[PDB]
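One letter stands for each residue in the lines below.
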Amino acid sequence: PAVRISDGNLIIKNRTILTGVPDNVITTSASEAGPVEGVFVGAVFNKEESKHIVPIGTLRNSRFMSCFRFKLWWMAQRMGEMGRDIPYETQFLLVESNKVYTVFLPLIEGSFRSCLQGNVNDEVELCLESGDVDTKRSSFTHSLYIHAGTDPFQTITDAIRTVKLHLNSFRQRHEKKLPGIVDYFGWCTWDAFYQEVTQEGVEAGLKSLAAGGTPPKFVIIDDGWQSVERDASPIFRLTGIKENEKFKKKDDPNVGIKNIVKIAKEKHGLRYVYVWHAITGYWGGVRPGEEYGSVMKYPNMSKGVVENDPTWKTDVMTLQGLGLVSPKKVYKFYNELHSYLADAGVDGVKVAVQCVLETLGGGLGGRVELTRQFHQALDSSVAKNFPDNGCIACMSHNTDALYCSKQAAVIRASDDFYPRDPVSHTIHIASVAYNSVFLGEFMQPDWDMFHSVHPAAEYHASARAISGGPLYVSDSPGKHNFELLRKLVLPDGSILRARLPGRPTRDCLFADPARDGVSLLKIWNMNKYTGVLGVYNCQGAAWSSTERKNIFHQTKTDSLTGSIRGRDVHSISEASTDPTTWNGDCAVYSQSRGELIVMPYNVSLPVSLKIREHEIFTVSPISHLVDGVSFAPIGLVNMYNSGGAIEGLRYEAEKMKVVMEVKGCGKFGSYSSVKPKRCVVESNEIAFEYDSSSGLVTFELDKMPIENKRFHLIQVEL
Ligand SMILES: OC[C@H]1O[C@@](CO)(O[C@H]2O[C@H](CO)[C@@H](O)[C@H](O)[C@H]2O)[C@@H](O)[C@@H]1O
Ligand SMILES: OC[C@@H]1O[C@@H](O)[C@@H](O)[C@@H](O)[C@H]1O
């Protein structure tokens, strides 16, 4: 039966994962389709309650990785071996058995949301909450799902699909439509002006970036554009749906945000303009009033949230409350805001402050209900007014929202980029990587803005390049490092986006690279015909379980040595043109060192990194045409994600020939065991270099493709 409870014990493929599973914990594998290869778990209690804690069993001697909410809004990672180490507000738990991997997915059921938490007895407790004292229940059958497999990533996906088939209240990442912003460079106003942003600042930032050769094709006009007011350090509330004075044209005050949209798009050649709002309008909601049925509500504190983030008790939102739009009028509110924005030429919204809803369900059916109602409405309005699916979810890491994520396709995957907080950089990289393991099953991760002139610029930039997600800076105008940005952005504003959410390697899933003092974090992704691997030292800082905030902590050495293997890129097979004959050998190109190495299957290459250093590798499967004649494309070697440039690849072994289609421009690189006879671009022979010791072939792709004809056609004649 595979996943089962027998005697006191949760058993997984003849391995005991939990002991002492109490009698009131019930399981079922029945479904709709029907017998399912894991188990839905619930329990029955004596009493009808709005909150229940129940032990699932005792976990000891089993390595795990967890994503837990360290703030209301956001998750980070914790590893361990003992149930006592499972944080409060654990929303995703992955367990390794010495090789089998078990996922634990705490779910929404009816009006209740679940999470996992550890106790001092090493039990894994299921915490069920409605978020409303009037919404009570005594039994549950589907509040947790457990599934096991031999591939850790496949095991997660398969369990999410099974959860999907049960709830039907969300779709998986790959089943949704990505907005077009994800293929272009962008700029966000946030760190440039904070709330002081003006239409003139927006223009100046766009102008300065395009001036250096790296033109953004989207912009996010961040927080500061909306009409907001304090009540008659006081919180601001939304007072109208239209822009404030800073975005009304300088002479004709009846033309509003449309002014800056036209300047962006018509004067500066941007494709997309997005704007920020809170899911409640502004931070203090909407000013009470009848138009949107807005009434003062005060955040309710839940124990697990406040245990991990005590400052949420005395947050400005908690003490001064929000004007919460009525459920009756929430569609009207979003439609009227969004119809105004779209008629002005706005293409999308970055919708922040998402999780507050879970704290405001008191009159209203609870956290799950209110969350669902507000997202149903938001989704109707976005699909109406922003039909490229122009929505970026922000501050949204609760399961209440994830399990109703039926449409939006991009999610901010960590706490904000913090230009002035030295502790935040290593932690940002670890958080985005680990969170993406789980968040990426729902939506494409967004690894946030960053600064091109900053001591950790390269660290952040290189991570964004391998993220799979949107690539955007928040530079103040004129504060740019164009040498860095050319590595990310082509002259037409396009980028070399990888295909998956960037994630830790199998190797790294259970070793905490922020806390263990021992390991390098390795992040893998895929292009069509290469893999890519980023390696990061992010030791020395993490969220402290004692101080309940991010701090520095002691590390044994400055420098650490780990190692790299082709097969660290978990799906590398899929880049091979002939994966049934491939022996697993890869060409491996270090983008910073400019070094090409051939790595046979399983051979390890040492990598040594000090804290806050990184290295990026393009990993390309070698094709063996005939004995002595081997090849692998690398791509645009002066860009971080070099392999992202390769759109087509055909080997013609009977002609000793390679045929590629390559986007972009700049220097193109490939591995060849032999010096080519001719490299031909667009039906003309060109000059090339060949290093005969490494096999590195090199030639220039001069200009972006003439037209419209979006790819360079390249033939390499061996
Ligand atoms: O700026 C206050 C506003 O930001 C949030 C998170 O977006 O809180 C951050 O700033 C607070 C004020 O100094 C801190 O107490 C808090 O821990 C930090 O996350 C919102 O909570 C808040 O309304
Ligand atoms: O008020 C500013 C905003 O809210 C944040 O916490 C964050 O996600 C920023 O990227 C941002 O737009």
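Residues numbered from 1 in each chain as written, not as in the entry; some residues may be left out. Chains lettered and ligands numbered in written order. Heavy atoms only, no water.

Method-wise, the PDB entry is recorded as coming from X-ray crystallography, at a reported resolution of 2.2000 Å.

> When you look at the site of ligand 1 in this model, what are you seeing that I'm missing?
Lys 71, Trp 73, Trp 283, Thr 311, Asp 315, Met 317 and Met 395 make up every residue found near ligand 1. Residue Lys 71 places a side-chain N or O atom 2.8 Å away from an oxygen atom belonging to ligand 1. In the model, an oxygen atom of ligand 1 is placed 2.6 Å from a nitrogen or oxygen of the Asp 315 side chain. Protein chains bury 53% of the 470 Å² of accessible surface belonging to ligand 1 in isolation. (Near = heavy atom within 4 Å. Polar contact = N/O pair within 3.5 Å; in protein donor to acceptor, adjacent residues only side chain to side chain. Areas by Shrake-Rupley, 256 points an atom, 1.4 Å probe, with all protein chains shown as cover.)

> I tried to follow the packing of aromatic side chains on my own but got confused; where do I start?
Scanning all chains against the criterion turns up 24 aromatic pairs. On the numbers, 5.4 Å between centres and 45° between planes, the contact of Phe 170 with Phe 442 is tilted. Taking relative accessible area as the criterion, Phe 170 reaches 1% and is therefore assigned buried. Ring pairs connect the aromatic residues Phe 92, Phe 170, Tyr 403, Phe 438 and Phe 442, which therefore count as one cluster. Over the face of the ring belonging to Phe 711 we find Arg 710, whose NZ or CZ atom lies 4.9 Å from the ring centre. (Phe/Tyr/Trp six-rings, centres within 6.5 Å; stacked < 30°, edge-to-face > 60°. Buried < 20%, exposed > 50% of the residue type's maximum accessible area, 1.4 Å probe, protein only. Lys NZ or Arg CZ within 6 Å of the ring centre and 35° of its normal.)

> Please explain the nonpolar core as it appears in this structure.
As a rule of thumb, soluble globular proteins bury nonpolar side chains together. Counting 164 residues, the largest nonpolar core has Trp 73, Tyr 403 and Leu 488 as its most contacted members. The element contributing the most residues to this core is helix α10 (residues 424–439), with eight residues. Ignoring sequence-local partners within four residues, the contact set of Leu 488 consists of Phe 450, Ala 461, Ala 465, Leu 471, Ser 494, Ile 495, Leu 496, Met 639 and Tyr 640. Of all hydrophobic cores here, the second largest spans 29 residues; its members include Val 3, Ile 12, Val 124 and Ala 148. (Core = buried A, V, L, I, M, F, W, Y, C linked by side-chain atoms within 4.5 Å. Helix = DSSP H or I, 4+ residues; strand = E, 2+ residues; numbered from the N terminus. Contact = heavy atoms within 4.5 Å.)

> Would you mind going over the site of ligand 2 with me for this structure?
Ligand 2 sits among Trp 190, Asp 222, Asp 223, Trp 276, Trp 283, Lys 350, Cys 394, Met 395, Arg 412, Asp 416 and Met 449. One nitrogen or oxygen atom from the side chain of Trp 276 is found 2.9 Å from an oxygen atom belonging to ligand 2. One nitrogen or oxygen atom from the side chain of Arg 412 is found 2.9 Å from an oxygen atom belonging to ligand 2. Relative to its free-state accessible area of 320 Å², ligand 2 is covered by the protein chains to the extent of 93%.

> Whenever I open this one, the pairing of strand β35 (residues 605–610) confuses me. Can you help?
Where a strand is regular, its side chains alternate between the two sheet faces. Burial of the side chains of β35 is restricted to one face: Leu 605, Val 607 and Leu 609 are buried, whereas none of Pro 606, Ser 608 and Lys 610 on the reverse face is. Looking at chain direction, strand β32 (residues 559–564) and β35 are connected through six bridges and run antiparallel. Looking at the pairing, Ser 559 lines up with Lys 610 of β35. (Pairing = 2+ DSSP bridges.)

> Teacher, can you tell me more about the environment of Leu 485 here?
Along the polypeptide, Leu 485 turns up in helix α12 (residues 482–486). Judged by its relative accessible area of 0%, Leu 485 falls in the buried class. Spatially, the C-alpha atom of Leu 485 lies 48 Å from that of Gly 362, the residues being 123 residues apart in sequence. Those residues within four positions of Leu 485 in sequence are excluded, and the remaining contacts are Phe 185, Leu 209, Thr 214, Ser 452, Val 473, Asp 475 and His 480.

> When you look at the sheet that holds strand β42 (residues 678–681) in this model, what are you seeing that I'm missing?
Strand order in this open sheet of five strands is β39-β40-β46-β42-β43, and the pairing throughout is antiparallel. Edge positions in the sheet fall to β39 (646–652) and β43 (684–686), since each has one partner strand and no second. Going from strand to strand, the sheet's axes swing by 25° on average, the running direction of each strand aside. Where β39 and strand β40 (residues 657–662) come together, six bridges link them in antiparallel fashion. What sits directly across from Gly 648, in β40, is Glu 661. (Axes fitted to C-alpha atoms, helices over the stretch in contact; angles between N-to-C directions.)

> Is there a simple way to explain empty space enclosed by the protein in this structure?
Vacant regions in the atomic arrangement are exposed by a probe of water-molecule size rolled over the atoms. Estimates place the volume of the largest cavity at around 120 Å³. Looking at the largest cavity, it is lined by 16 residues, and the ones nearest its centre are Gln 354, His 375, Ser 405, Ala 408 and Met 443. When contributions to the lining of the largest cavity are tallied by element, the ones reaching two or more residues are α8 (367–385), β23 (391–393) and α9 (399–402). In terms of residue count, α8 provides more of the lining of the largest cavity than any other element does, three residues in total. (1 Å grid on protein atoms, 1.4 Å probe; cavity = no way out; pocket = protein on both sides within 12 Å on 5 of 7 lines; lining within 4 Å. Points joined across faces, edges and corners; volume = space filled by probe spheres on them.)

> Please explain the sheet that holds strand β37 (residues 623–626) as it appears in this structure.
Sheets are built from strands paired through backbone hydrogen bonds, the pairs being either parallel or antiparallel. Strand order in the open sheet formed by five strands is β37-β38-β41-β45-β44, with antiparallel pairing between adjacent strands. Looking at the sheet topology across the chains shown, the edges are occupied by β37 and β44 (689–691). Each adjacent strand pair in this sheet contributes to an overall mean axis angle of 25°, direction not counted. Here β37 runs beside strand β38 (residues 629–636); their pairing, made up of three bridges, is antiparallel.

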